[PDB]
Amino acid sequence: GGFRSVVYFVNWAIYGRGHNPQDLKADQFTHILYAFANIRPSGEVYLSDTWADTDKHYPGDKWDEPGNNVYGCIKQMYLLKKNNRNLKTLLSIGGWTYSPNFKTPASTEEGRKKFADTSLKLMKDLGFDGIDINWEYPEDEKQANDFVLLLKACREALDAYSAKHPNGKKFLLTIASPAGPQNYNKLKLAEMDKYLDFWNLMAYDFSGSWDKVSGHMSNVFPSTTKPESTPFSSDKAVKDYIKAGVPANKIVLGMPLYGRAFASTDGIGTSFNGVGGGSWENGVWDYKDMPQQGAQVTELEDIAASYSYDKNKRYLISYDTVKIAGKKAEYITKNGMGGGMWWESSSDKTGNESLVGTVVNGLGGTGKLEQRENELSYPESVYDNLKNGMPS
């Protein structure tokens, strides 16, 4: 098959960001990752926002209606799948904020069994093609081990479901993985790979407020001239993954659609104190808001990194340009990697300025994206309108 184009639809984007699933350029992708479901100490996976997720009525939803029915972004994503049949959706569990509660269920057979089962129940009822775990980060040799076992459990679970439905599709298991050496070096990567469909390497937040010098937050290559401006790099991670035993074609290069800012700076690699404003939180900006008035944009193609810098206000926002998206796409193709992943669907521009448009086209356009038809048959769904494939 060819390249994967994967994006996060962050459940909360239907609030202040105003982004609903309907607003996805679905033809451009192959995998939506609906983030994020939470986990109980039991290992019981559950939906973080029943309003947005399942209860909200959009245009098109009878408020009245027979049957025990799903609405929310889950109904809307199933609608997206009916139309774009190469669009798969996976339910994402965990994420930075919920990751503190992985370790405890993950340690016990009971907890992991309950993870796998609740996860699958939720997948098969809510119409998802698979599940994506985002654990930041299995903090020790034991957690590492337990993460093989969790994935093994989850893989086994979805497989048993395929067994029960031979005329249907097989289901996906993915994880959002760490580009930082101090984190992936603890992982039992090769063992974990045996269970995984693909790995979405989170190749971003290499720099931010936690630093003392402004850096490139999602650069591909190390700056030999300016080591301090590149604390991390996509490429270190990717080659290490490969040497560990992960097939590169199973490694999806994660890419930001937001930029991280630095205040009172002389430019990349110098010190900053503070991070400034943001589009929604401090120090973080949506790409569709870039470039900011009065800043000149620098693009270091060599390492495939860019930023804008305002000379007067001494404000640096590390983010990618379509030229750098190009350079990234090129790294994907050149290295026989699995494709590109993005965080997150609301912040991209459209048209000829879409970073994801750039990467898909540099990937060879949609004709080169992986062709895998999604699952519309969910026979065991507890919801009737979803189980009947959503009529009017």
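In this text, residue numbers run from 1 along the sequence as written.
Chemist: Decide which of the stretches 375-383 and 19-27 has the higher mean C-alpha B-factor, going by the entry.
Modeler: 19-27 has the higher mean C-alpha B-factor.
Chemist: Which of the two stretches, 67-75 or 293-301, shows the higher mean Cα temperature factor in the record?
Modeler: Taking the mean B-factor of the alpha carbons in each, 293-301 is higher.
Chemist: Would you mind finding, among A35, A52, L355, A329, the residue with the largest C-alpha temperature factor in the entry?
Modeler: That would be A35.
Chemist: Identify, among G278, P256, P222, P138, the residue whose C-alpha carries the highest B-factor in the deposited PDB entry.
Modeler: Largest recorded C-alpha B-factor: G278.
Chemist: Would you check the entry's CA temperature factor for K82 and let me know if it's in the chain's lowest, middle or highest third?
Modeler: Top third by C-alpha B-factor.
Chemist: Can you tell me whether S347 has a C-alpha B-factor in the lowest, middle or highest third compared with the other modelled residues of the same chain?
Modeler: For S347, the deposited C-alpha B-factor lands in the lowest third.
Chemist: Which third, lowest, middle or highest, does the C-alpha temperature factor of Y98 belong to within its own chain?
Modeler: For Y98, whose C-alpha B-factor we compare with every modelled residue in the chain, the answer is the middle third.
Chemist: Would you mind ranking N361 by its C-alpha B-factor against the rest of the chain and naming the third, lowest, middle or highest?
Modeler: It falls in the top third of the chain.
Chemist: Sort the modelled residues of this chain by their C-alpha B factor and say whether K142 lands in the lowest, middle or highest third.
Modeler: Answer is middle: the recorded C-alpha B-factor places it there.
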